[PDB]
Each structure stands twice: as structure tokens, then as C-alpha cells.
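Everything on this sheet refers to the single structure shown next.
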Protein chains: 2
Amino acid sequence: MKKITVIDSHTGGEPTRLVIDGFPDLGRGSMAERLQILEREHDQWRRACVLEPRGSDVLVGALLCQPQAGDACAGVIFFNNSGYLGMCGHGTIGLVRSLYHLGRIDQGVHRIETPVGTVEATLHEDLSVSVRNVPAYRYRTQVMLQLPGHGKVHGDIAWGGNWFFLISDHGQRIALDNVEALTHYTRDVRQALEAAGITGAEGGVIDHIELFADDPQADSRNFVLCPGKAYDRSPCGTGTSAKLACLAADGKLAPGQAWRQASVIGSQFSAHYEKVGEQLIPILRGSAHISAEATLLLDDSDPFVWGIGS
Amino acid sequence: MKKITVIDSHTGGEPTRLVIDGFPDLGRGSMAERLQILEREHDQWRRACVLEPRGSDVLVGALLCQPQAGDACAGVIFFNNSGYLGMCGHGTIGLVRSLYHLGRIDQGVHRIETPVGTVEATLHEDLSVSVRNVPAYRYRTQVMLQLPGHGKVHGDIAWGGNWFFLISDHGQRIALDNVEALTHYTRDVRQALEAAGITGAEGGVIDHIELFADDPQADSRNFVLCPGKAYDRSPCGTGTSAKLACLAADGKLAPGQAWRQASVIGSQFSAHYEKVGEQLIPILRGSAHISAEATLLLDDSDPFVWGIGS
Ligand SMILES: O=C([O-])c1ccc[nH]1
Ligand SMILES: O=C([O-])c1ccc[nH]1
Ligand code: NA
Ligand code: NA
């Protein structure tokens, strides 16, 4: 039995499996270079960690890495049931809260290396975490999409640390009891995007889809389809970052102004942005809670030792 | 803060969360009496253990209990995302394999108390487990059912440790890549059963639905919808038990004869039955593997400490 030592947490219901020991050595390169090696040479390990039976389709994993920079407290690579993420907001909140749980950091400011750049997390007195994310921006606005059976929708294409399509005119009901219909709708959206050749910058695959609606207890409520067709239980840190860039460009949110984003299950992030140069810097605040301390055990006689399915 | 100590395993891909410490005390009564107490007074604990975010909709839990009988090695209560099970074949295989992992038993024959009676498990040299289940029987045969959009189907109503509706003339393709349509189909079947007021013996709610099909490498492949609308990744021990009773009554399987049942994801059980009196005793053999050793942590500040959702 190979062993993988993890701290499982969740942020607003969205889980993070922080791998603290047991994965193959990925060398001493950047987090982006280590991601390439992990995917190319050791992708079976991602599958063991986060697919059924030892994980779940909902699960996002985070491999804790020694960072290159002396002033960074950690590096991380994020992954899910289908592949690799860029940044991960809920995941970074989970990582920091987990490092605190392990006694490796205290309250204060920490820099975390990721495959898309270094972010800065503040662990507050209440143990919530603010993440100063990589820069966010809108690439295209009100891109028209024909949805069979639904008709035309318009969406923004925006980068928040992953690529998102953001839709307000969907006409769908956003609530936990409707996640089946919402999942089908957003799958159809991604299909339509793929059909029409619509990408982000430099042919970036738009693999996250988010729908927005009014909420009586927040500025907005969202539903977010992740690359592997599981939904985000949280308001989605990178997704909300993309949203801030869109609001700003539309003249609807100024620097420093708070924006409360509720998730499909009612959890909340508060967010604002700062302007540095031409760049918009999204800052997200939320809380994670520890779910479990676990050691995954990989039995060589188990036919699903490297995970179930395709 | 509060801790729940578990051994997670899976049987042919179907997970079992064996709770070995941390649940409230349920007294010294029978397993059935303890189930009553667990559900009435402590159902939040089931939810904390097996619902999101610390569990999954797929997960079946098994609370380890001290048995009443001096010659029993353990008692168990089984539960899922919706409520409580009776017996659980895959879960018993997982329990026995987990007790061996913990060094609490060795290879040989063990009696396990359950809410529907005592079963006998044999842990073999290859670490597979044979479970001699409680008696099984067919209650009604070829019950007619109109399915709006399909229509009509015929099924058997049978007890294998839980109540099942068993269908062969469904016209559905049974494979992992089709679980979405299979889930809808069985949901409708159950919908139709409730509509017509169809039950098992003494008003027994038929809460498991199973479809059967031919298989090139087994006698049959099945899809099993569990009470909480998750599917069984295993061939389903109690489900296959019910199947043996139906086959026997139809003159299609004699005592001692092997029946190989494949699951929707390709895992297999081998099964046969023995005849004692007017009773049919189903015997199921399969293998579990350990997934993880974990300590669930229940943070009082966590909004979802007792689980997400309805
Ligand atoms: O919080 C996020 O940034 C995220 C991306 C995918 C899932 N969660
Ligand atoms: O294996 C079984 O008996 C079972 C029942 C529900 C899920 N698995
Ligand atoms: Na509002
Ligand atoms: Na066959």
C-alpha cells in the first residue's frame, strides 16, 4: 500500500484535498513546470487522489509543493476529475486554513506560488482568508451563442485565473434543487462554444461556465460548471474574479467596492478589486473548515487503485 | 473538534465508511433497537458522516457496534445519503476486510449482527469475503408497470435484506457511460411503484430498483438505484440475493450453483444459495480494498458541520 497523506477541507461546501506527502517528486522548477511533469509522467496519481473510489467527481485536489522563492510559504498545483486547473480561489483558502491546522503558518500575510503566478493570502484573526489573486480581465463581451431549445444567449469571456464564460440572460433558476437542469444547460453552452470555435486569448479553452442571478441576500448568486462537469459548491474564487473584471469594464463596480457573491448552495464570498496600472487585481475573502485528516492507501491488488472510469 | 474515526474501503468500487469511534452511544439493545435510537436521536451524525462535504451522495456508512451475542465478532448499522439500510452485502465485505486491516480479526468465519438478523462472513486466504446473508424470497412476480414515455414493464418484488424491484424487460443499455439515463429510468420506475401503491410484504417500501441485462463475461450485468438516488457501483449484495431468489423460483438456478453478477462498472460478485427448510439462503463472495484511514473533524463554526442540503 503506497500512502498519500492529505488534509481534506471545504470552502463554502466545495472540497479541497491537500496532498502533503506521497506524490512523486516533480523537481525544482516553477509550479507551471512541475504541473507539466505531473500531468505527463504521473497523471495516474491525480486519478488515484481525486476520482472514485478514493475521491469523488466533486473533489478538487491541491498538491503542496516547496516553492522556488524564499519569501513564499508554499507552492501548489490544483487539479480536478478531468485535469488541471490554473489558479483556484476556494482551493487557496483551503490550503492556507490547512497549513494553519498543521501548525506550519500563523495568522498574517503569505505568498503562494501557482502555475499562473504568485498570489498573496491573508489569514485573518477570524481564520477567514483573503486571497489577492493574479490579474483578471475581460477578453470579449456579449458574445452571442445559439442554444438549441433555448435560443440566443450572450456571454462575456474573461480570465480570473481560469477561463470563464459568464452569462446573465440564461433564464434558468439558480438553486441547489435545480442543479440537474443547470448542469445540462451549462454543458450545452460549452458544447456551443466548442462548436463555434470560441476561445479565450491565444486559443484558451473556455472550460468553466458560470450563470449569474439576483439574490435577496447578496449582490448575486451563481452556478459554476467546472471542466469535469461537476459544479462548484462555492462562489468560485477565480470565477468571481472574472466577474469583477466584467462588472468593472461595464462601469458597475469601482476599485475597493465590496461585492457579495453567493453560491448555488448559499455559501458566500466577499470580493473587491484594486487597480494597478492597466491591471485589475481581484481580492476574494471566504472561510474554509477542516473536513478530515486522512491517509489514502493504494493497494496494488485493487483493480481501481488508479481510479474508476474513463 | 468532535472527531469521527473511520476506515474507508470500497467493494468493487462501491464505498463503505466504517465508523470505529466517535458516534453517540446507542445502548446495549439489538442492532435493530440501536438503529431506532440512532435515527430518532442522532440522525445529524449520519448526515455529518456521509453527506457532503465530508462524505458524498454515493457513500454508504457502517457504524461498528459491540454485538449482543458473545460469539459474534461485531454488530453493524448501515446507512446512506437518504436514511438507513437493512443488510448491506458490499458493506459487510468492506467491514470484514476493514476489521482485518485493523488487526481485530484473522482469516476464518465470523458472525455479524445486523438490524435484519445475524449474517456469517468468511474471510478467505485471498482476503475475499463470503457473506452468508439473511434469507431471501420473492414476494410477487411479473408485476405490471406503466412507464410514461416507455410503458410497460414487468418486475419481481423480492427481499434480499432490503426490498427490490427487479426488471429484465426494460430495453435500457447497462453501462457506466449511460448511468444518467439509467438513473432517470429507475427513478420513474420507483415513481410508478409509489403511484400504484405497490409495496413488499406488510407495506414494505420498495426503495431499491434493479435492472438486469446479459453480459459477455458474467451471467448478468445490473444497474441498481439505491434509496437516495445514487447507484451502487458494486453488483449489490442484497440486490443479487434477491435475484437468486427470483431465479430459483423461476426454475433457473438450483442450490449450490454459481451465479456471476457484474455491476454497471464491471466489478463482479459470485453467488449461490443453499436451501434450508422453506428458506433460501443467499451466499455472496467479493473483495474489498482499503481506501483510506481517516479522522473526520466536526468544526462547530462550520455552517455545514452536520452536512449540506435537504
Ligand atoms: O475557486 C475556484 O477558483 C475554483 C475553480 C474551480 C473550482 N473552484
Ligand atoms: O451491497 C448491498 O447489499 C447494498 C445495498 C445498498 C448498497 N449496497
Ligand atoms: Na441582492
Ligand atoms: Na453471459
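Quick note on labels: first sequence line is chain A, next is B, and so on, each numbered from 1. Because only heavy atoms are used, hydrogens play no part in the values below, and waters and symmetry mates are left out as well, while side chains stay in.
Residues that satisfy the salt bridge (charged side-chain N to carboxylate O under 4.0 Å, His left out) test with B:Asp300, not counting sequence neighbours, are B:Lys2.
Between A:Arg187 and B:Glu180 there is a salt bridge, since a side-chain N of the basic residue sits under 4.0 Å from a carboxylate O of the acidic one. Salt-bridge annotation for B:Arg17 and B:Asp8: present, with a side-chain N of the basic residue lying under 4.0 Å from a carboxylate O of the acidic one. A salt bridge is defined here as a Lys NZ or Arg NE, NH1 or NH2 lying under 4.0 Å from an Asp or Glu carboxylate O, and A:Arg132 with A:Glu274 meets this definition. Salt bridge annotation for A:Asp25-A:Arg34: absent, with no cationic side-chain nitrogen under 4.0 angstrom from a carboxylate oxygen.
Looking at A:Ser130 and A:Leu284, their side chains never come closer than 4.5 Å, going by heavy atoms from C-beta outward. Contact of the A:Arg221 side chain with the A:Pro216 side chain is registered, since non-hydrogen atoms from C-beta on lie closer than 4.5 Å. For the pair B:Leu298 and B:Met1, the minimum side-chain heavy-atom distance is 4.5 Å or more.
Listed for the A:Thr240 side chain is a donor-acceptor partner under 3.5 Å among the backbone atoms of A:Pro235. The backbone N or O of A:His289 sits nowhere less than 3.5 Å from a side-chain atom of B:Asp302 that would complete a donor-acceptor pair. Remark: the backbone N or O of A:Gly94 is paired with a side-chain donor or acceptor of A:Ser98 at under 3.5 angstrom. In terms of modelled atom types and a separation under 3.5 Å, the side chain of A:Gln261 and the main chain of A:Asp219 share no donor-acceptor contact. Of the possible donor and acceptor atoms, none in the side chain of A:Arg28 sits under 3.5 Å from a partner among the backbone N and O of A:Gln66. The backbone N or O of A:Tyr231 lies less than 3.5 Å from a partner atom in the side chain of A:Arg233, making a donor-acceptor pair. A:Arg97 places no side-chain N or O within 3.5 Å of a backbone atom of A:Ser128 that could act as its donor or acceptor partner. A donor-acceptor pair under 3.5 Å is formed between the side chain of A:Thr11 and the backbone N or O of A:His90. When atom types are taken as modelled, the side chain of A:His150 and the backbone of A:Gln146 share no donor-acceptor pair closer than 3.5 angstrom. Of the possible polar contacts, one joining the A:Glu113 side chain to the A:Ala69 backbone as a donor-acceptor pair under 3.5 Å is found.
Separation of atoms CG (B:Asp232) and OG (B:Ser267) is listed at 8.0 Å; rounding is to 0.5 Å. Between A:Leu63 atom CG and A:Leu26 atom CG the span is 6.0 Å, to the nearest 0.5 Å.
Looking only at atom types and distance, the side chain of A:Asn162 has a donor-acceptor partner in the side chain of A:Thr238 under 3.5 Å away. Between the side chains of B:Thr16 and B:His10, no donor-acceptor pair of N or O atoms lies under 3.5 Å.
Aromatic ring orientation, A:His170 versus A:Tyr185: perpendicular (interplanar angle above 60°, classes split at 30° and 60°).
Cation-pi check for A:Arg46 over A:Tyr84 is met; the charged atom lies under 6.0 angstrom from the ring centroid and within 45 degrees of its normal.
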Legend entry - Step-by-step side chain to side chain donor-acceptor pair (under 3.5 Å) determination, A:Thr141 to A:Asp156: CA-CA 4 Å; A:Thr141 180; A:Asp156 287 347; 2.8 Å; yes
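Among all heavy-atom pairs drawn from A:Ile281 and A:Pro135, the shortest one is CD1-CG, 3.7 Å.
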